[PDB]
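S.K.: Next comes query-v4.pdb, PDB, C-alpha atoms and all ligand atoms:
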ATOM      1  CA  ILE A   1       0.973  15.753 -22.475
ATOM      2  CA  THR A   2      -1.360  18.678 -23.167
ATOM      3  CA  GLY A   3      -4.886  17.736 -24.166
ATOM      4  CA  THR A   4      -8.563  17.434 -23.310
ATOM      5  CA  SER A   5      -9.631  15.586 -20.166
ATOM      6  CA  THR A   6     -12.096  12.781 -20.782
ATOM      7  CA  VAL A   7     -13.265   9.431 -19.436
ATOM      8  CA  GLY A   8     -12.618   6.021 -20.941
ATOM      9  CA  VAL A   9     -13.767   2.520 -20.044
ATOM     10  CA  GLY A  10     -11.946  -0.764 -19.626
ATOM     11  CA  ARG A  11     -11.573  -4.053 -17.790
ATOM     12  CA  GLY A  12      -9.094  -4.714 -15.011
ATOM     13  CA  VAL A  13      -6.974  -7.759 -14.189
ATOM     14  CA  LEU A  14      -9.863  -9.536 -12.453
ATOM     15  CA  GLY A  15     -12.216  -8.888 -15.370
ATOM     16  CA  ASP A  16     -14.191  -6.080 -13.728
ATOM     17  CA  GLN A  17     -15.295  -3.075 -15.786
ATOM     18  CA  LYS A  18     -14.419   0.423 -14.593
ATOM     19  CA  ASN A  19     -14.211   3.990 -15.860
ATOM     20  CA  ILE A  20     -10.799   5.664 -15.972
ATOM     21  CA  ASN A  21      -9.693   9.279 -16.428
ATOM     22  CA  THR A  22      -7.776   9.838 -19.661
ATOM     23  CA  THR A  23      -6.431  12.703 -21.784
ATOM     24  CA  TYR A  24      -7.147  13.179 -25.479
ATOM     25  CA  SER A  25      -4.560  14.503 -27.932
ATOM     26  CA  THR A  26      -4.622  12.489 -31.182
ATOM     27  CA  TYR A  27      -4.485   9.384 -28.978
ATOM     28  CA  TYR A  28      -6.175   8.788 -25.632
ATOM     29  CA  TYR A  29      -3.550   8.643 -22.880
ATOM     30  CA  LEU A  30      -3.634   7.165 -19.403
ATOM     31  CA  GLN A  31      -3.202  10.597 -17.874
ATOM     32  CA  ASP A  32      -5.631  11.643 -15.147
ATOM     33  CA  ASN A  33      -5.733  15.438 -14.784
ATOM     34  CA  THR A  34      -8.410  15.430 -12.077
ATOM     35  CA  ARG A  35      -6.036  14.562  -9.243
ATOM     36  CA  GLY A  36      -3.237  16.888  -8.187
ATOM     37  CA  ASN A  37      -0.551  17.365 -10.821
ATOM     38  CA  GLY A  38      -1.791  14.186 -12.462
ATOM     39  CA  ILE A  39      -1.607  10.407 -12.473
ATOM     40  CA  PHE A  40       0.393   8.921 -15.348
ATOM     41  CA  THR A  41       0.580   5.270 -16.345
ATOM     42  CA  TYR A  42       3.327   3.929 -18.625
ATOM     43  CA  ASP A  43       3.979   0.816 -20.715
ATOM     44  CA  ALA A  44       7.378  -0.759 -19.920
ATOM     45  CA  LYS A  45       6.846  -3.217 -22.801
ATOM     46  CA  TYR A  46       8.419  -6.195 -20.982
ATOM     47  CA  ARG A  47      11.721  -4.303 -20.658
ATOM     48  CA  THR A  48      13.440  -2.966 -17.535
ATOM     49  CA  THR A  49      14.038   0.556 -18.822
ATOM     50  CA  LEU A  50      11.892   3.084 -16.961
ATOM     51  CA  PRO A  51       9.415   4.615 -17.145
ATOM     52  CA  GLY A  52       8.743   3.471 -20.690
ATOM     53  CA  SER A  53       6.172   5.212 -22.891
ATOM     54  CA  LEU A  54       3.070   7.037 -21.638
ATOM     55  CA  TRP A  55       0.167   4.676 -22.336
ATOM     56  CA  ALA A  56      -1.556   5.606 -25.602
ATOM     57  CA  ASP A  57      -4.790   4.095 -26.912
ATOM     58  CA  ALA A  58      -6.615   4.791 -30.173
ATOM     59  CA  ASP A  59     -10.253   4.590 -29.045
ATOM     60  CA  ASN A  60     -10.458   5.220 -25.277
ATOM     61  CA  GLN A  61     -11.624   1.620 -24.755
ATOM     62  CA  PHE A  62      -9.323  -0.662 -22.755
ATOM     63  CA  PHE A  63     -10.687  -4.210 -23.034
ATOM     64  CA  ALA A  64      -7.581  -5.958 -24.397
ATOM     65  CA  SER A  65      -5.811  -8.435 -22.120
ATOM     66  CA  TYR A  66      -2.644  -6.351 -22.537
ATOM     67  CA  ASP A  67      -4.539  -3.304 -21.208
ATOM     68  CA  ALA A  68      -5.714  -4.883 -17.934
ATOM     69  CA  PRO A  69      -2.654  -4.154 -15.755
ATOM     70  CA  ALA A  70      -2.594  -0.535 -16.937
ATOM     71  CA  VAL A  71      -6.292  -0.051 -16.233
ATOM     72  CA  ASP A  72      -5.908  -1.189 -12.628
ATOM     73  CA  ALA A  73      -2.624   0.592 -11.921
ATOM     74  CA  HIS A  74      -4.192   3.810 -13.187
ATOM     75  CA  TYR A  75      -7.500   3.370 -11.377
ATOM     76  CA  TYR A  76      -6.155   2.194  -8.025
ATOM     77  CA  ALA A  77      -3.548   4.953  -7.926
ATOM     78  CA  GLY A  78      -6.517   7.296  -8.190
ATOM     79  CA  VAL A  79      -8.379   5.596  -5.347
ATOM     80  CA  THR A  80      -5.297   5.758  -3.134
ATOM     81  CA  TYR A  81      -4.841   9.451  -3.925
ATOM     82  CA  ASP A  82      -8.479  10.006  -2.915
ATOM     83  CA  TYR A  83      -8.003   8.132   0.360
ATOM     84  CA  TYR A  84      -5.046  10.249   1.438
ATOM     85  CA  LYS A  85      -6.740  13.486   0.397
ATOM     86  CA  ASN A  86     -10.197  12.832   1.844
ATOM     87  CA  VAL A  87      -9.217  10.962   5.002
ATOM     88  CA  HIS A  88      -5.882  12.540   5.958
ATOM     89  CA  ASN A  89      -5.941  15.845   4.077
ATOM     90  CA  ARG A  90      -2.706  14.926   2.307
ATOM     91  CA  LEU A  91      -2.201  16.018  -1.306
ATOM     92  CA  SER A  92      -0.375  13.180  -3.066
ATOM     93  CA  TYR A  93       2.671  11.502  -1.538
ATOM     94  CA  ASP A  94       4.783  14.624  -0.998
ATOM     95  CA  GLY A  95       1.935  16.708   0.389
ATOM     96  CA  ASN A  96       2.169  19.102  -2.550
ATOM     97  CA  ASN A  97       0.294  17.174  -5.256
ATOM     98  CA  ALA A  98       3.335  15.529  -6.837
ATOM     99  CA  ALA A  99       2.518  13.682 -10.059
ATOM    100  CA  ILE A 100       2.048   9.946  -9.530
ATOM    101  CA  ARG A 101       3.678   7.701 -12.133
ATOM    102  CA  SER A 102       3.349   3.933 -12.610
ATOM    103  CA  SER A 103       4.833   1.556 -15.177
ATOM    104  CA  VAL A 104       3.260  -1.824 -15.945
ATOM    105  CA  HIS A 105       4.467  -4.833 -17.949
ATOM    106  CA  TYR A 106       7.876  -4.462 -16.309
ATOM    107  CA  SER A 107      10.277  -7.239 -17.378
ATOM    108  CA  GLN A 108       9.029 -10.787 -18.098
ATOM    109  CA  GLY A 109       7.331 -13.047 -15.557
ATOM    110  CA  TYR A 110       8.297 -10.595 -12.822
ATOM    111  CA  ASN A 111       6.614 -11.408  -9.498
ATOM    112  CA  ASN A 112       7.125  -8.104  -7.716
ATOM    113  CA  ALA A 113       5.949  -4.508  -7.528
ATOM    114  CA  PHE A 114       7.998  -1.682  -6.053
ATOM    115  CA  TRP A 115       8.569   2.024  -5.520
ATOM    116  CA  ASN A 116      11.968   2.955  -6.963
ATOM    117  CA  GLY A 117      12.215   6.331  -5.253
ATOM    118  CA  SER A 118      10.575   8.117  -8.181
ATOM    119  CA  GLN A 119       7.686   5.946  -9.386
ATOM    120  CA  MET A 120       5.765   2.697  -8.948
ATOM    121  CA  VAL A 121       6.623  -0.391 -11.008
ATOM    122  CA  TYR A 122       4.494  -3.516 -11.541
ATOM    123  CA  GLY A 123       5.473  -6.894 -12.933
ATOM    124  CA  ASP A 124       2.970  -9.151 -14.721
ATOM    125  CA  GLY A 125       3.722 -12.145 -12.523
ATOM    126  CA  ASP A 126       4.625 -15.616 -13.789
ATOM    127  CA  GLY A 127       0.992 -16.705 -13.950
ATOM    128  CA  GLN A 128       1.497 -19.278 -11.197
ATOM    129  CA  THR A 129       2.668 -17.412  -8.110
ATOM    130  CA  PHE A 130       1.214 -14.069  -9.201
ATOM    131  CA  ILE A 131      -0.973 -12.524 -11.886
ATOM    132  CA  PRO A 132      -0.360  -8.825 -12.760
ATOM    133  CA  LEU A 133       0.349  -7.157  -9.419
ATOM    134  CA  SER A 134      -1.591  -3.952 -10.085
ATOM    135  CA  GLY A 135      -4.759  -6.034  -9.853
ATOM    136  CA  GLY A 136      -4.532  -5.887  -6.081
ATOM    137  CA  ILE A 137      -5.704  -2.651  -4.512
ATOM    138  CA  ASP A 138      -3.792  -3.417  -1.320
ATOM    139  CA  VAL A 139      -0.637  -3.940  -3.394
ATOM    140  CA  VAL A 140      -1.013  -0.589  -5.185
ATOM    141  CA  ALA A 141      -1.772   1.256  -1.937
ATOM    142  CA  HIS A 142       1.133  -0.565  -0.266
ATOM    143  CA  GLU A 143       3.493   0.753  -2.945
ATOM    144  CA  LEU A 144       2.208   4.335  -2.977
ATOM    145  CA  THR A 145       2.476   4.380   0.803
ATOM    146  CA  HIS A 146       6.219   3.704   0.487
ATOM    147  CA  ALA A 147       6.351   7.063  -1.300
ATOM    148  CA  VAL A 148       4.506   8.745   1.572
ATOM    149  CA  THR A 149       6.924   7.212   4.070
ATOM    150  CA  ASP A 150       9.920   8.332   2.003
ATOM    151  CA  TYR A 151       8.742  11.954   2.111
ATOM    152  CA  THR A 152       7.880  11.883   5.797
ATOM    153  CA  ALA A 153       9.515   9.590   8.370
ATOM    154  CA  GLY A 154      12.080   8.363   5.840
ATOM    155  CA  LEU A 155      12.411   4.986   7.573
ATOM    156  CA  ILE A 156      15.593   3.253   6.397
ATOM    157  CA  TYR A 157      14.823  -0.016   4.591
ATOM    158  CA  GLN A 158      16.771  -2.258   6.950
ATOM    159  CA  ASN A 159      16.290  -4.093  10.248
ATOM    160  CA  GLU A 160      13.588  -2.768  12.581
ATOM    161  CA  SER A 161      13.149   0.570  10.818
ATOM    162  CA  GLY A 162      12.617  -1.346   7.583
ATOM    163  CA  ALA A 163      10.095  -3.682   9.192
ATOM    164  CA  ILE A 164       8.129  -0.623  10.331
ATOM    165  CA  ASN A 165       8.395   0.802   6.820
ATOM    166  CA  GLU A 166       6.888  -2.430   5.477
ATOM    167  CA  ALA A 167       4.174  -2.626   8.138
ATOM    168  CA  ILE A 168       3.094   0.953   7.470
ATOM    169  CA  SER A 169       2.620   0.027   3.811
ATOM    170  CA  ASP A 170       0.588  -3.082   4.711
ATOM    171  CA  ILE A 171      -1.496  -1.135   7.230
ATOM    172  CA  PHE A 172      -2.446   1.650   4.848
ATOM    173  CA  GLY A 173      -2.717  -0.764   1.939
ATOM    174  CA  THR A 174      -5.407  -2.519   3.957
ATOM    175  CA  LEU A 175      -7.103   0.698   5.058
ATOM    176  CA  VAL A 176      -7.380   1.748   1.413
ATOM    177  CA  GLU A 177      -8.845  -1.651   0.565
ATOM    178  CA  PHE A 178     -11.512  -1.010   3.214
ATOM    179  CA  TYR A 179     -11.969   2.551   1.940
ATOM    180  CA  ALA A 180     -12.738   1.257  -1.559
ATOM    181  CA  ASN A 181     -14.904  -1.462  -0.013
ATOM    182  CA  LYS A 182     -13.507  -4.021  -2.467
ATOM    183  CA  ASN A 183     -14.015  -7.339  -0.635
ATOM    184  CA  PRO A 184     -11.968  -5.926   2.274
ATOM    185  CA  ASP A 185      -9.952  -8.113   4.627
ATOM    186  CA  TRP A 186      -6.815  -8.060   6.772
ATOM    187  CA  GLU A 187      -4.851 -10.197   4.315
ATOM    188  CA  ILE A 188      -2.214  -8.911   1.885
ATOM    189  CA  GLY A 189      -2.238  -9.533  -1.863
ATOM    190  CA  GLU A 190      -5.005 -12.129  -1.878
ATOM    191  CA  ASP A 191      -6.443 -10.885  -5.183
ATOM    192  CA  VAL A 192      -3.296 -11.478  -7.238
ATOM    193  CA  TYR A 193      -1.557 -14.285  -5.357
ATOM    194  CA  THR A 194      -1.649 -17.918  -6.554
ATOM    195  CA  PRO A 195      -4.587 -17.870  -9.000
ATOM    196  CA  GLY A 196      -4.711 -21.657  -8.729
ATOM    197  CA  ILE A 197      -5.248 -21.592  -4.959
ATOM    198  CA  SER A 198      -8.232 -19.921  -3.297
ATOM    199  CA  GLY A 199      -8.348 -18.499   0.213
ATOM    200  CA  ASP A 200      -4.641 -17.758   0.639
ATOM    201  CA  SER A 201      -2.471 -14.630   0.555
ATOM    202  CA  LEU A 202       1.145 -13.481   0.761
ATOM    203  CA  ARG A 203       0.904 -12.128   4.306
ATOM    204  CA  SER A 204      -1.776 -12.014   6.984
ATOM    205  CA  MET A 205      -2.211  -9.140   9.436
ATOM    206  CA  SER A 206      -4.845 -10.968  11.486
ATOM    207  CA  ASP A 207      -2.597 -14.007  11.917
ATOM    208  CA  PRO A 208       0.951 -13.511  10.551
ATOM    209  CA  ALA A 209       1.986 -16.947  11.831
ATOM    210  CA  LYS A 210      -0.363 -18.525   9.293
ATOM    211  CA  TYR A 211       2.417 -18.027   6.744
ATOM    212  CA  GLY A 212       5.349 -18.383   9.114
ATOM    213  CA  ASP A 213       5.797 -14.722  10.016
ATOM    214  CA  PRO A 214       6.356 -13.726  13.673
ATOM    215  CA  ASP A 215       3.446 -12.432  15.750
ATOM    216  CA  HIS A 216       5.482 -11.617  18.862
ATOM    217  CA  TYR A 217       8.787  -9.809  19.436
ATOM    218  CA  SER A 218      10.289 -12.926  21.008
ATOM    219  CA  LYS A 219       9.986 -14.643  17.618
ATOM    220  CA  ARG A 220      11.621 -11.859  15.603
ATOM    221  CA  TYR A 221      14.083 -12.734  12.848
ATOM    222  CA  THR A 222      17.631 -11.603  13.616
ATOM    223  CA  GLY A 223      19.382 -12.777  10.451
ATOM    224  CA  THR A 224      20.672 -10.807   7.468
ATOM    225  CA  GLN A 225      18.306 -12.078   4.772
ATOM    226  CA  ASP A 226      15.603  -9.784   3.388
ATOM    227  CA  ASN A 227      17.494  -6.695   4.580
ATOM    228  CA  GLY A 228      17.268  -7.953   8.142
ATOM    229  CA  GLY A 229      13.800  -9.436   7.726
ATOM    230  CA  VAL A 230      11.838  -6.348   6.712
ATOM    231  CA  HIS A 231       9.029  -8.444   5.183
ATOM    232  CA  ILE A 232       9.217 -10.938   8.044
ATOM    233  CA  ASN A 233       9.312  -8.855  11.220
ATOM    234  CA  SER A 234       6.628  -6.569   9.811
ATOM    235  CA  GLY A 235       4.231  -9.248  11.029
ATOM    236  CA  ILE A 236       4.840  -8.163  14.618
ATOM    237  CA  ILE A 237       3.663  -4.636  13.847
ATOM    238  CA  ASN A 238       0.868  -5.785  11.535
ATOM    239  CA  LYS A 239      -0.511  -7.943  14.350
ATOM    240  CA  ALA A 240      -0.364  -4.984  16.732
ATOM    241  CA  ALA A 241      -2.247  -2.812  14.224
ATOM    242  CA  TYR A 242      -4.878  -5.519  13.733
ATOM    243  CA  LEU A 243      -5.375  -5.771  17.504
ATOM    244  CA  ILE A 244      -5.696  -2.009  17.935
ATOM    245  CA  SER A 245      -8.468  -1.933  15.332
ATOM    246  CA  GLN A 246     -10.285  -5.233  15.868
ATOM    247  CA  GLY A 247      -9.293  -6.165  19.403
ATOM    248  CA  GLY A 248      -8.760  -9.658  20.749
ATOM    249  CA  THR A 249      -6.640 -11.667  23.153
ATOM    250  CA  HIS A 250      -3.112 -12.496  22.025
ATOM    251  CA  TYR A 251      -0.665 -14.472  24.180
ATOM    252  CA  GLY A 252      -2.930 -13.881  27.159
ATOM    253  CA  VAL A 253      -3.166 -10.114  26.702
ATOM    254  CA  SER A 254      -6.607  -8.653  25.965
ATOM    255  CA  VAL A 255      -7.042  -5.633  23.707
ATOM    256  CA  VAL A 256     -10.237  -3.623  23.223
ATOM    257  CA  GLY A 257     -10.549  -2.659  19.561
ATOM    258  CA  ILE A 258     -11.082   0.995  18.653
ATOM    259  CA  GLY A 259     -11.813   0.611  14.942
ATOM    260  CA  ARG A 260     -10.080   1.200  11.611
ATOM    261  CA  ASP A 261     -10.651   4.943  11.378
ATOM    262  CA  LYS A 262      -8.893   5.628  14.669
ATOM    263  CA  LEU A 263      -6.150   3.142  13.766
ATOM    264  CA  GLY A 264      -5.531   5.156  10.618
ATOM    265  CA  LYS A 265      -5.501   8.480  12.451
ATOM    266  CA  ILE A 266      -3.078   7.252  15.109
ATOM    267  CA  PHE A 267      -0.599   5.719  12.675
ATOM    268  CA  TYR A 268      -0.765   8.568  10.167
ATOM    269  CA  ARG A 269       0.093  11.030  12.933
ATOM    270  CA  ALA A 270       2.900   8.804  14.198
ATOM    271  CA  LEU A 271       4.302   8.532  10.679
ATOM    272  CA  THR A 272       4.158  12.243   9.860
ATOM    273  CA  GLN A 273       5.024  13.777  13.238
ATOM    274  CA  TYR A 274       7.087  11.417  15.385
ATOM    275  CA  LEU A 275       8.911   8.719  13.435
ATOM    276  CA  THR A 276      12.435   9.273  12.120
ATOM    277  CA  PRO A 277      14.694   7.378   9.675
ATOM    278  CA  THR A 278      16.159   5.130  12.386
ATOM    279  CA  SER A 279      13.097   4.535  14.574
ATOM    280  CA  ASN A 280      12.899   1.030  16.035
ATOM    281  CA  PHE A 281       9.904  -0.921  17.382
ATOM    282  CA  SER A 282      10.180   0.546  20.883
ATOM    283  CA  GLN A 283      10.188   4.051  19.434
ATOM    284  CA  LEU A 284       7.176   3.202  17.267
ATOM    285  CA  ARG A 285       5.300   2.215  20.417
ATOM    286  CA  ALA A 286       6.200   5.564  21.986
ATOM    287  CA  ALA A 287       5.194   7.431  18.823
ATOM    288  CA  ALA A 288       1.842   5.634  18.628
ATOM    289  CA  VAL A 289       1.098   6.262  22.304
ATOM    290  CA  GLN A 290       1.982   9.939  21.958
ATOM    291  CA  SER A 291      -0.155  10.211  18.824
ATOM    292  CA  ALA A 292      -3.173   8.646  20.524
ATOM    293  CA  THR A 293      -2.570  10.978  23.463
ATOM    294  CA  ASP A 294      -2.542  14.042  21.197
ATOM    295  CA  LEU A 295      -5.798  12.988  19.569
ATOM    296  CA  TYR A 296      -7.819  11.442  22.393
ATOM    297  CA  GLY A 297      -6.238  12.275  25.750
ATOM    298  CA  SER A 298      -3.835  10.446  28.062
ATOM    299  CA  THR A 299      -6.671   8.736  29.954
ATOM    300  CA  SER A 300      -8.599   7.643  26.866
ATOM    301  CA  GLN A 301      -9.573   4.115  25.853
ATOM    302  CA  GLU A 302      -7.650   4.752  22.633
ATOM    303  CA  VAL A 303      -4.346   5.209  24.463
ATOM    304  CA  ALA A 304      -5.085   2.173  26.631
ATOM    305  CA  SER A 305      -5.683  -0.018  23.577
ATOM    306  CA  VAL A 306      -2.480   1.096  21.871
ATOM    307  CA  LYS A 307      -0.507   0.160  24.989
ATOM    308  CA  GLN A 308      -2.263  -3.205  25.310
ATOM    309  CA  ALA A 309      -1.682  -4.055  21.648
ATOM    310  CA  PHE A 310       2.054  -3.472  21.864
ATOM    311  CA  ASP A 311       2.187  -5.364  25.173
ATOM    312  CA  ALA A 312       0.453  -8.268  23.425
ATOM    313  CA  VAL A 313       3.176  -8.502  20.778
ATOM    314  CA  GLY A 314       5.968  -8.028  23.298
ATOM    315  CA  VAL A 315       7.096  -4.556  22.248
ATOM    316  CA  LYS A 316       8.127  -2.482  25.264
TER     317      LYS A 316
HETATM  318 CA    CA B   1      -8.404   0.569 -27.176
HETATM  319 CA    CA B   2      -9.644  -8.368  -0.281
HETATM  320 CA    CA B   3      -6.249  -7.529   1.230
HETATM  321 CA    CA B   4      -4.532 -17.574  -4.316
HETATM  322 ZN    ZN B   5       6.813  -2.826   0.649
END
I'd like the structure from this file rewritten - as structure tokens, please.
M.R.:
Amino acid sequence: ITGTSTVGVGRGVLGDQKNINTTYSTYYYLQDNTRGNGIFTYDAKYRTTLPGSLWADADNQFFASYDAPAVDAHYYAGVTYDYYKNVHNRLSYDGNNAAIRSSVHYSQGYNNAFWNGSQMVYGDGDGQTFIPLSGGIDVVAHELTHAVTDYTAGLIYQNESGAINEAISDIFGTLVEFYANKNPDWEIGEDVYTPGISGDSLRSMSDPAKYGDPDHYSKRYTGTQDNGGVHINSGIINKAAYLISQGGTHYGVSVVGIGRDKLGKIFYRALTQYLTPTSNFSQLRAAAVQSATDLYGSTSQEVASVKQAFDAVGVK
């Protein structure tokens, strides 16, 4: 809507206070006009109809329990937009400042979050397995990254291409978590997963096997479940990304870490310049090697580490 840009205050899912960009026109709306064509957050009101109604508030103060998921979805979408703009010089997900839209309070006791091809959607969780999903910065960044992938490589959400699609979202979800410096780690969804259990997460990039996901190509899932194991086989790529950044010895293969910044640069270039809709793991290796070569030279330590990392996880 058309109005005056202002700043409100509220509390997120984890009880932390933060300032959020809003728009005033009779009501205060969760509409951030400071980033691209805007960031809009909607209330799905426990229904499945999308996007719902643009979030309206009477006093620009969002401290109600019902407001929490909206506060975080709105705020973290902003942080993710900043990451892509400041670190990769990318304006929004389409590269042309497309408006970012998110709907919270989707359905009842819904344990997932997703990008539906047009916007992000967040469930509130069942209170046991998950609390409102927008409370996790890595979750929000994971979802917005699916939008970036859709407008670039266009990786099909099935089999190996789908596993890469998923890994890319976990990789950048984690890099954004480090960017925001919010208790960063190489785990996925730890802030909103199982509130009754501390120290766990949905997936682990440092050690995928911790939760039963493969950490080597020889252990890849070849079934039909989960669209060919897109959330399972992503562990093979996540482990490779972790090794490239942090280094380590995996299955007898030693990798010298080159850091998170370079990891981000290499994968962003691979995603936007070399990957295609049907790229498989072997092609991802080639794309990553070529990207590192473009940026640091064929005889660089960076290229060597990328090769070692993929060798470690058995991707030739
Ligand atoms: Ca209020
Ligand atoms: Ca964390
Ligand atoms: Ca995390
Ligand atoms: Ca937990
Ligand atoms: Zn995903």
S.K.: So which residues fall inside 12 Å of (22.5, -4.8, 0.1) if we count all atoms listed in the file? Mind giving them as a list in words?
M.R.: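 Every residue inside that radius is included here: residues 157, 158, 159, 224, 225, 226, 227 and 228 of chain A.
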S.K.: Please write the residues from the selection above to a file, keeping C-alpha atoms, as a compact mmCIF listing (two decimals), keeping the file's coordinate frame.
M.R.:
# COMPACT_ATOMS: atom_id res chain seq x y z
CA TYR A 157 14.82 -0.02 4.59
CA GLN A 158 16.77 -2.26 6.95
CA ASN A 159 16.29 -4.09 10.25
CA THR A 224 20.67 -10.81 7.47
CA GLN A 225 18.31 -12.08 4.77
CA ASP A 226 15.60 -9.78 3.39
CA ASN A 227 17.49 -6.70 4.58
CA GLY A 228 17.27 -7.95 8.14
S.K.: Pick out the residues sitting within 10 Å of range 205-210 of chain A, and hand them over as a VMD selection string; count all atoms listed in the file, and ignore anything fewer than 3 positions along from it in its own chain.
M.R.: chain A and resid 167 170 to 171 174 185 to 188 200 to 202 213 to 216 232 to 243 246
S.K.: Given all atoms listed in the file as the basis, pick out the residue of A:165, A:134, A:17, A:183 nearest to ligand CA 2 (chain B).
M.R.: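 Between A:165, A:134, A:17, A:183, the residue approaching ligand CA 2 (chain B) most closely is A:183.
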S.K.: As a VMD selection string, please: the residues near residue 148 in chain A (cut-off 12 Å, only C-alpha atoms, same-chain neighbours under 5 positions excluded).
M.R.: chain A and resid 80 to 81 84 88 90 to 98 100 115 117 to 119 141 to 143 153 to 155 165 168 to 169 172 to 173 268 271 to 272
S.K.: Can you work out the spacing between CA of residue 189 in chain A and CA of residue 247 in chain A in Å, to one decimal?
M.R.: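 Distance between the two atoms: 22.7 Å.
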S.K.: Could you tell me, counting only C-alpha atoms and all ligand atoms, which protein and nucleic acid residues lie no more than 12 Å from ligand CA 4 (chain B), written as an mmCIF file with C-alpha atoms, in the frame of the given file?
M.R.:
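result34.cif written:
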data_model
loop_
_atom_site.group_PDB
_atom_site.id
_atom_site.type_symbol
_atom_site.label_atom_id
_atom_site.label_comp_id
_atom_site.auth_asym_id
_atom_site.auth_seq_id
_atom_site.Cartn_x
_atom_site.Cartn_y
_atom_site.Cartn_z
ATOM 1 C CA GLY A 127 0.992 -16.705 -13.950
ATOM 2 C CA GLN A 128 1.497 -19.278 -11.197
ATOM 3 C CA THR A 129 2.668 -17.412 -8.110
ATOM 4 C CA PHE A 130 1.214 -14.069 -9.201
ATOM 5 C CA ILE A 131 -0.973 -12.524 -11.886
ATOM 6 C CA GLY A 136 -4.532 -5.887 -6.081
ATOM 7 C CA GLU A 187 -4.851 -10.197 4.315
ATOM 8 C CA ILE A 188 -2.214 -8.911 1.885
ATOM 9 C CA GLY A 189 -2.238 -9.533 -1.863
ATOM 10 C CA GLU A 190 -5.005 -12.129 -1.878
ATOM 11 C CA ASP A 191 -6.443 -10.885 -5.183
ATOM 12 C CA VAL A 192 -3.296 -11.478 -7.238
ATOM 13 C CA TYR A 193 -1.557 -14.285 -5.357
ATOM 14 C CA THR A 194 -1.649 -17.918 -6.554
ATOM 15 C CA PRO A 195 -4.587 -17.870 -9.000
ATOM 16 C CA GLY A 196 -4.711 -21.657 -8.729
ATOM 17 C CA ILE A 197 -5.248 -21.592 -4.959
ATOM 18 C CA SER A 198 -8.232 -19.921 -3.297
ATOM 19 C CA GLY A 199 -8.348 -18.499 0.213
ATOM 20 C CA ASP A 200 -4.641 -17.758 0.639
ATOM 21 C CA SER A 201 -2.471 -14.630 0.555
ATOM 22 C CA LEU A 202 1.145 -13.481 0.761
ATOM 23 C CA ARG A 203 0.904 -12.128 4.306
#
